[PDB]
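Student: Here it is: the structure, laid out below.
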Amino acid sequence: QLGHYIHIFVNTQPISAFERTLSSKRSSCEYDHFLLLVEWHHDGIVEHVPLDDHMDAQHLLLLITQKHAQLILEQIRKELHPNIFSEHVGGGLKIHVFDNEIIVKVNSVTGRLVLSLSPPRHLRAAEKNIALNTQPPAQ
Amino acid sequence: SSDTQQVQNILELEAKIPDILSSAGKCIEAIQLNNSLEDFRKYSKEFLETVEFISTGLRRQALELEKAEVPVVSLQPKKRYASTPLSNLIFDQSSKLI
Amino acid sequence: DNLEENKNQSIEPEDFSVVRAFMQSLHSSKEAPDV
Amino acid sequence: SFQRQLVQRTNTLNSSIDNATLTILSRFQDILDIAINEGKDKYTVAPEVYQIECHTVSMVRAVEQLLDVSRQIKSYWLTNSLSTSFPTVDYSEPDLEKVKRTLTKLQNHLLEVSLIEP
Amino acid sequence: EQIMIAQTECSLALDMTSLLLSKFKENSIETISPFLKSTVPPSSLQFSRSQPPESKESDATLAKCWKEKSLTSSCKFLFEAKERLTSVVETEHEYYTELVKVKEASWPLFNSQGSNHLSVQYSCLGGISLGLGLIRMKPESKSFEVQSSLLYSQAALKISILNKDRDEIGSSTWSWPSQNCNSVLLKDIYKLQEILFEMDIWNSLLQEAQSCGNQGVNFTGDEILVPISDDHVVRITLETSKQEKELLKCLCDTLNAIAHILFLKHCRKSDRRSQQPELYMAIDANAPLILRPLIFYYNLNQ
Amino acid sequence: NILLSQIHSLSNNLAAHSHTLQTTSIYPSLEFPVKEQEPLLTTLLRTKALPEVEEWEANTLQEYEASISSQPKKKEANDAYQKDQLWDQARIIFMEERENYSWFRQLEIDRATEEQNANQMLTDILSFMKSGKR
Amino acid sequence: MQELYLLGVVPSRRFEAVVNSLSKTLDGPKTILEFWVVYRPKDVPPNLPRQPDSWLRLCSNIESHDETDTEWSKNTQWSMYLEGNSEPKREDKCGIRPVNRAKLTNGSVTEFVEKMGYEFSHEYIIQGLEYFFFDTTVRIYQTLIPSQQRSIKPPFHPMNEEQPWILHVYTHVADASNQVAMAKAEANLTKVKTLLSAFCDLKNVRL
């Protein structure tokens, strides 16, 4: 968008509350021990998403950034005015009379915000402004 | 010779070598079997010619390749887009596409 | 099976599924608690 | 320099020719030296078979090498660029006008055109 | 096995001769096999002066007959090798005759990989991504059939108009003009050319699908969804492995033809003329925008 | 080939060395252990080759004698000295034809001279594009 | 405008064969036709800039113009150049010469350099071929001397009509202050040198 990444590893969760509460039968005292890890980053937060096949390569790149996506949808929406109801139907920006889409592009940015037929420079301006990156868009 | 023709010269030069081994096995046969000096007296006047004359033909194919001066490096092609026959033939298809 | 002076420039397994490095990691990990 | 490229290259080719061919020369040559029998112990006669073996096998070997260098030189003659674009099929030139009818009329489809007007 | 026997026996030669020469110089017994020095002390063996000793006719007779057999073995070698070499000529010649069909018919030739074969550019006429066929001998074929990275047996570009139920409406499919050259090999060069062609085009297009959404056009990521009027999808994707409906086949004509013809326009546009006023008229990047302007004629028609 | 080097030097060392070796005879001396160590040394005293291969040499004798059965009385060795002697002369004639031969343009290097001064001529026009002196 | 460039002669005997190794794999061919006037500002006092670049170079591109048409001299497009010299210690390295690519628009054209009073000097015509690589391009040379002063009519006058093809890869930097286009374009055109090395030997020459 200018890193912004996920390292992938292996985890452990010892806790005595299940551990030795049984032990020496159907709960081994040792494990000993290792699991899985996927740490989201940039910025200031780390998701600890469940890690379980069946799985596809796209999910960590997508679904995580889709949570991130609707978090942006509420980001601008609460940075926005009450007068204009941003919905999850598709970023329905509401420059009345017109009501139009707000979306961030998957992968490389230049967000997929869209007018409802053929759009002029408006999308081109906001999105080349996204190419500028600086000065976040809300006001 | 031009284009493939030098290479073609080598192509029919190909069979010119293996039978030299027949001439040579017979070079052995001249005294090992036939027991006649005259035979190898002829085939030493043949084996060396059948070999070396081909060798000279080769070395001259190479030296005159070195005169023809074909570049050895393969050009890395630009992503080519459309040669003219391709373009107008595509247009012919477009007529067919009408 | 059983099993199954030229050119240089051209177009511009590992039968182990990176199993080799996995075994290496097993060497590191068998004593990972121990070391 | 581009010069020494092809020059030292072809020189390697001819040098290789010198290699395999001289190999054939000497290996075919000394078999004649191997022919001696009298005045030598029978056990000393034993190696001569292996000697002839290595000579002849070296010969056909060097011949194969010559096939190699020959194929190489083939590639060098043939690695040259095509003089231009080369003929294929340019047969039957497409209509200019059916194209125009497709363009216009299919784009003019369901339209009240008033011709051209002055 | 055999080399084990003979060579180790020779090791015994070195060892026992070392036992003999260990009577004087000590820098000889040192090379004996390790078990021996642990056992028998050096300087053990000793030579004796004795006898001519004997001789027999078998000496000269075998000395003759074995040399006879040797030179004759050389004869059999030269002759049978002559056979295999001549056969190699017989095989190899077909390759370069088919290369008369190649180079003497003016076709690209380049050094290749570990295949030892040529690296002909089947895509000599051009497209986008470069293409060179891996020439490959096929003993069944007498000739030498060539293939690339394809898993697909054949490929092109199906198109059709999905309804609201995504039922068929308009439809068509791409077809190349048919080469009829004397060499079927060159014809397959044309075929693989056609494949790399459909590749580079549709791959470039769906790669360009990027900002298709500005006038409602969308994507399953499989191909081109076209959410325009009356809920429809002009599906356009790679091949597996009345008069007004014929005129629907004609809308499909403008699509099929003029799109590839825009592959050609982009054969012009990939020439990187990259003219500035269009750069004012466009954002990113080298992208032809094969799609939008035409359907803009279509929606201006609307 | 390396083995050919081995047989080369070894056969080289057979030479007149055999003239001395024929009188030679192996025997273990005073430090040689006596109780039961001997038999392996008897194998060391055993000049026997492969029994199958000695059988092969016997096969060569008996079957050359079978050729003699095909050819009951035919001396050849006396003139076989001239077999190998004709090898000895024909090898020399072979060498003669070898010496008669020519063996392995340089002008190609002078092709570089064409681009020698052409580079200097490259210096020429640039000097005009530079100074323009006439 | 910091042009980066090299030089390598091509004999005409191998020229078009080289072009086959070029134009098929490159943009173009584009024939060049541009009438020079390298006017010399004979001026006082020393130390004059006096360097060949310091002398003015009006540059009339005329490649689309007729070989006999009369409106050319001040109607067909002109230009002007002083240009900085290529860098000192630019050994083997592509020469880096900053360039003032002048343009103009009036029926008066040449006149202003004589409005600056500058004297006439040597003249020629770029007439080689050029093959694109984005902002970078190669420019193999032909610089025939014109048959007469201010005469567009051929035959012209190469120092030999066995004219060297002064092959010349180049690029044009906007500004030399950053390292970016420096190493970048030097790399791209060094690879271009690897391309020509399949059929030629370019070199730097001092300027």
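Residue numbers (the authors' numbering), protein chains in the order written: chain N, 312 to 313, 325 to 438, 444 to 466; chain K, 15 to 112; chain F, 163 to 166, 178 to 185, 193 to 215; chain V, 5 to 122; chain Q, 110 to 350, 376 to 436; chain H, 51 to 154, 171 to 200; chain R, 1 to 207. Positions of the beta carbon are idealized from the N, C-alpha and C atoms, including for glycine.
#1: Alpha carbon to alpha carbon, what distance is there between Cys321 of chain Q and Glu185 of chain F?
#2: Does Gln256 of chain Q get closer than 7 Å to chain H when you measure Cβ to Cβ?
#3: Once DSSP output is grouped into helix, strand and coil, what is the label at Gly39 of chain K?
#4: When DSSP labels each residue in this structure, what does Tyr77 of chain H get in the three-state scheme?
#5: Cβ of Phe199 of chain R less than 7 Å from any chain Q Cβ?
#6: Helix or strand or just coil, what does DSSP make of residue 373 of chain Q?
#7: In chain H, which residues lie less than 8 Å from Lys81 of chain K when you measure between Cβ atoms?
#8: Can you pull the chain Q neighbours of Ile56 of chain V, defined as C-beta to C-beta under 8 Å?
#9: Find out if the Cβ-Cβ distance for the pair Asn85 of chain R, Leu189 of chain R is shorter than 7 Å.
#10: In whole angstroms, give me the CA-to-CA distance for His122 of chain R and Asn185 of chain H.
#11: Run through chain R and tell me which residues come within less than 7 Å of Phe6 of chain V, C-beta to C-beta.
#12: Roughly how many angstroms lie between the CA atoms of residue 156 of chain H and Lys102 of chain V, to the nearest whole one?
#13: With a threshold of 6 Å (Cβ to nearest heavy atom), would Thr334 of chain N be considered close to the ligand SAM?
#14: Of all the options Q:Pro162, Q:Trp175, Q:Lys185, Q:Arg158, which has the alpha carbon lying nearest to the alpha carbon of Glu107 of chain H?
#15: Does the Cβ-Cβ distance between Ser262 of chain Q and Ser350 of chain Q come in under 7 Å?
#16: Using only CA atoms, which one of R:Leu4, R:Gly8, R:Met1, R:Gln2 lies nearest to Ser5 of chain V?
#17: I'd like to know whether the C-beta atoms of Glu166 of chain F and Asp72 of chain V end up nearer to each other than 7 Å.
#18: Does DSSP put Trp72 of chain R in a helix, in a strand, or in coil?
#19: Taking the C-alpha atoms as reference points, what is the distance between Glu149 of chain H and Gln155 of chain Q?
#20: Got a sec: which bits of the region 74-103 of chain H sit with their beta carbon under 7 Å from any beta carbon on chain Q, in order along the chain?
#21: How would you list, in chain order, the residues of chain Q whose beta-carbon sits under 7 Å from the beta-carbon of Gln111 of chain V?
#22: With 7 Å as the threshold, decide whether the Cβ of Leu444 of chain N is near any Cβ in chain Q.
#23: Whole angstroms is fine: what's the gap from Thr137 of chain R's alpha carbon to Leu22 of chain R's?
#24: Enumerate, from N- to C-terminal direction, the unbroken alpha helix (DSSP H) stretches of 4 or more residues contained entirely within the region 60-89 of chain V.
#25: Could you name the residues of chain Q that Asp27 of chain R contacts, counting a contact when the two beta carbons are closer than 8 Å?
#26: Going by alpha carbons, who is nearest to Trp36 of chain R out of R:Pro11, R:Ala187, R:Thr76?
#27: Do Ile32 of chain R and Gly117 of chain R have their CB atoms nearer than 7 Å?
#28: So what does DSSP say about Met195 of chain H, is it helix, strand or coil?
#29: Pop quiz: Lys383 of chain Q and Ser281 of chain Q are said to be a contact at Cβ under 8 Å. What is the actual Cβ separation, rounded to whole angstroms?
#30: May I ask you to list, following chain order, the residues of the region 295-306 of chain Q that have a beta carbon less than 8 Å from some beta carbon of chain F?
#31: Could you list which residues in chain K have their beta carbon closer than 8 Å to that of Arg200 of chain H, in chain order?
#32: For the beta strand (DSSP E) that contains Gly71 of chain K, what are its first and last residues?
#33: With H, G and I counted as helix, E and B as strand and the rest as coil, what does DSSP make of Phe54 of chain K?
#34: Taking all protein chains shown into account, decide if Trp153 of chain H is buried (16 or more other Cβ within 10 angstroms of its Cβ) or exposed.
#35: Around the C-beta of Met187 of chain H, are 16 or more other C-beta atoms found within 10 angstroms, so that it is buried, or is it exposed?
#36: Would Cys59 of chain R and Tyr5 of chain R be called neighbours here (beta carbons separated by less than 7 Å)?
Tutor: Working from what's here:
#1: 32 Å
#2: no
#3: helix
#4: strand
#5: no
#6: A gap in chain Q, from 350 straight to 376, means residue 373 of chain Q has no coordinates in the model shown.
#7: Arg171, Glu174
#8: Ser179, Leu180, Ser182, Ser183
#9: no
#10: 22 Å
#11: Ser197, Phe199, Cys200, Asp201
#12: This model leaves out residue 156 of chain H; its place in chain H lies between 154 and 171, and no residues are given there.
#13: This structure simply doesn't include the ligand SAM, nor any ligand for that matter.
#14: Q:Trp175
#15: yes
#16: R:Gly8
#17: no
#18: helix
#19: 52 Å
#20: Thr74, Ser75, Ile76, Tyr77, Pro78, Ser79, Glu81, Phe82, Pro83, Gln87, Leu94
#21: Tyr431, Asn435
#22: yes
#23: 12 Å
#24: none
#25: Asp405, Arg406
#26: R:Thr76
#27: no
#28: helix
#29: 6 Å
#30: none
#31: Simply none; closest approach about 36 Å.
#32: Where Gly71 of chain K is concerned, there is no enclosing beta strand (DSSP E), although the alpha helix (DSSP H) it sits in stretches over 61-77.
#33: helix
#34: exposed
#35: buried
#36: no
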